[PDB]
Structures are given as C-alpha cells and as structure tokens.
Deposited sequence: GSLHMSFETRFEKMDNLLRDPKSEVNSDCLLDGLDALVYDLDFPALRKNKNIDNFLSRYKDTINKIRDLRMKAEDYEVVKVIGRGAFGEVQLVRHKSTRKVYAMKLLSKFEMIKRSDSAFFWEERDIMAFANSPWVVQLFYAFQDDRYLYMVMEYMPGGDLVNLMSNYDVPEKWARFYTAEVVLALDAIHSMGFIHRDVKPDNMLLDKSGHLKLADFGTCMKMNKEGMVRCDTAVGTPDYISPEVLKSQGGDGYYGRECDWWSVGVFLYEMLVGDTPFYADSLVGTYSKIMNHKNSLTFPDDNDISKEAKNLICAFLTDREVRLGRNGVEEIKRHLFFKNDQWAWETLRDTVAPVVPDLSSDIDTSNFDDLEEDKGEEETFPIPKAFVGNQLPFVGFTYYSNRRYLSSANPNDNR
C-alpha cells in the first residue's frame, strides 16, 4: 500500500515515463483519435457525441496545430519505399536539422490484418541507444499516416554497395562481423529480427553499419525461443518454416555472406517456390577455405548450425582472423568504404498506382484506435 504524497509522485512518473503506454503524449493521442473517429455526420447525430465534438472542436484543433505535424518537414527527396509507405529524406523547417522520415499508411496497415507490428520497431529504434541500431527521434501521426523521424544514414544500403563493387574477402569479413555485433545487440534486448538481409543494412557517414528496419522483430521469451506465426524469400530459415503449424537469424547471416562473395542467392531460382524448396534441401542444394566453411556452418539445420551455442562461438571462427581489427574495437576502425558526401543531404547512395483512404463510416468503427500511443518526442 502506497500513500498519498506518494501515489501522486508515482503518477507524475507515468505522466512522464515515456515507456508508459499512458505517457502524457499517449493520452493526447487518445483524445485526438477519438475526435477523428467521431466527427462524422451520421454519428454526430448523437447527443453525447455532438456535444463532445462541439466542446473539443476549438481545443483539439489548437492541439493538432501545435504538436508535430508533417507540415513541419520539407521533403528533399524520396529515398526508399516500404510495404505501407515511402521513406523520404527531410529537413526540419524550424530547426534546419536533417532526418529520414518513414511513412506508414494507416489504411493499408488496416486493410492487411498486418496491424500492431510497429510497436516493437518504435520501442527499439527509440531506446536501443546503440551504435548498431538506427535512432528514432520523433514519432507522430495524423488521420492518414504514422511518421517515424530518424537518424539519416548517408551511407546507403548494402544492396547498392554489393551492386557497385567487386567485394573482396576483406570487406566481406568486415560487414559480416559488424552485422554480427549488431544482431547480438538486438538479441541482448531480448528480440529476434527474423528478417536479416542487405536491404535492411545501412551505413553512417563513416561507412559503418546499423540496422534500419525492425518491423519483423519479435520478443523472445525466457527460454530464448519463440512460438511463431514469414519474412523474405532468398534468405529465410527452414527451422522456423515448420513451427507455423533465434539461430534462425544466423542462418539469414550465412545466406547474406554467400550473396556477397557470390553475386547471387545461395538458393536463387527463377520461380520463387523454387527458391523455397531449394532452401528446404539445403543439404544438397576465388573463394577461401574459411569463407566456404563458415557459410556451410551457418547454412545447416537448426540443431547443428553455427551459433547454436554462443555468439562468442561465432566470433572465434577461423574466417574471423585478421591483423586489422579486434571485436570490441571494430566500431572505431576504418570502414572498408567511406561515403564521399557533397553536403548534409547527398542522396547519392540511393538510386533514383498510388494510395486511397478509409470509407466514411455509418457507425463507430474506431479506425484510429490501433494507433493511440504512437506519439513520441525525444526532446
């Protein structure tokens, strides 16, 4: 039993505790949402509602206007496209600061039952506080989209990179190993990524690596494993392809490595289903002895796969031997490729029908609800 003077402080806590589902900004998100989901001709016909909307008209419009809205960002150039919206480079009008804003169509997010997945991604990007993980500075929302303002990566994706260069075993060793420190960072936070791939790997102005998408992430329980409900084709791990009715990330890894030295998927197939079964037959489906080894050590069945035991076990692998870097020093050494940037907005490492809207309801559908609590300020 707490006391008065106590309970009050304790409550101010929550009203400030940004990990709280009911941080002040989340309550405001609630009032906001509610006013959205209510201001419709049909519904306003109700005493209670119309009275409400008539009382929080002025006030809530004031709010909308003050809080962060998309009108606050100048969009320099679209630099990417996810499933539910586009990622565009931006500069804050009032602050002049430059971020990368990922967009999310509330609609598309509802149409597909693919809702409530971005919570893990928000949390991670906003509190991982890690050199390995992209940092979220702001997250806000209107009627149409979610917005995630985040540390811009001038470096570009590992995809563009592998496109442009004849990757040597050196580089390979570098990028791979960093991906390993990062994935271990994630797992330390008690999450599993489930989608490891070049498309998700970005680079900071210094040519080092972070992880840039976390939609796939899933919280792993006490025993370190997960009850699972896929992700990608060219990479995916079989052991998790049967639970449908951790070390999996490591599989994805090996796949990537192969892709990097080779120039194509370790189980590429013109037909996709082909790539699928081909991964199921992994056992039977220029380079160094070690490269080969390592790869095939990851590319094995769950229980005999490389990394089943400890991450350290992976670190120590022979292919991870050199006279150019140590592990807890890698982050600070000279990247294999460093980006030459003309300004704070060089979209050079990023190469070059539409969308609809929700239908006016006849009754309360509350389409804003799955989104209350998404607003986050970093100060």
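- Unmodelled segments of the deposited chain, in sequence order: 1 to 3, 233 to 234, 251 to 256, 297 to 303, 371 to 375, 403 to 415.
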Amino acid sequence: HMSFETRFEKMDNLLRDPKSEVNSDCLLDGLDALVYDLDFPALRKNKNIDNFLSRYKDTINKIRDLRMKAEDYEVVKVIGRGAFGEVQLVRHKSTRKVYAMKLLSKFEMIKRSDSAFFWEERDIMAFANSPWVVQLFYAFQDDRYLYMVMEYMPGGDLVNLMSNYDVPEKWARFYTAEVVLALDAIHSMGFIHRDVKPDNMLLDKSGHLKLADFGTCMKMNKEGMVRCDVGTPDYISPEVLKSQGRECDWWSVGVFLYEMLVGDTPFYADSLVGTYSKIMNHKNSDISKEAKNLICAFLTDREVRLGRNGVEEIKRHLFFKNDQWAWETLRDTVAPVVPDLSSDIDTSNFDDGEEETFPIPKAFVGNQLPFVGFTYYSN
From here on, numbers count along this sequence of modelled residues.
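Take the two forms, find the largest set of C-alpha atoms that superpose within 1.5 Å, and that set is the rigid core.
- Rigid core superposition in 9 other deposited structures of this protein puts the Cα atoms of one stretch, out of 7 to 15 and 365 to 373, farther from the shown form on average, and that stretch is 7 to 15.
- Between 311 to 319 and 333 to 341, the larger mean CA deviation from the shown form in 9 other deposited structures of this protein, after core superposition, belongs to 311 to 319.
- Of the other compared PDB entries of this protein that include residues on both sides, all give residue 41 atoms, none of them, and so not a third, leaving it without.
- Across the other compared structures of the same protein with both neighbouring residues present, residue 353 lacks coordinates in at least a third.
- Judged by mean Cα B factor in the deposited record, 252 to 260 ranks above the other of 194 to 202 and 252 to 260.
- Comparing 13 to 21 with 365 to 373, the stretch with the higher mean C-alpha B-factor in the PDB entry is 13 to 21.
- Residue-level inspection of the entry shows that, of 237, 88, 105, 188, 237 has the top Cα B-factor.
- For the set 38, 31, 326, 70, the PDB entry puts the maximum C-alpha B factor at 326.
- Residue 145: CA B factor in the lowest third of modelled residues in this chain (values from the PDB entry).
- In the PDB entry, a CA B factor belonging to the lowest third of its chain's modelled residues is recorded for residue 133.
- Ranked against the other modelled residues of its chain, the C-alpha B-factor of residue 184 as given in the entry falls in the highest third.
- When the modelled residues of the chain are ordered by their C-alpha B factor, residue 314 lands in the highest third.
- Among the modelled residues of its chain, residue 270 has a C-alpha B-factor that falls in the highest third, as given in the PDB entry.
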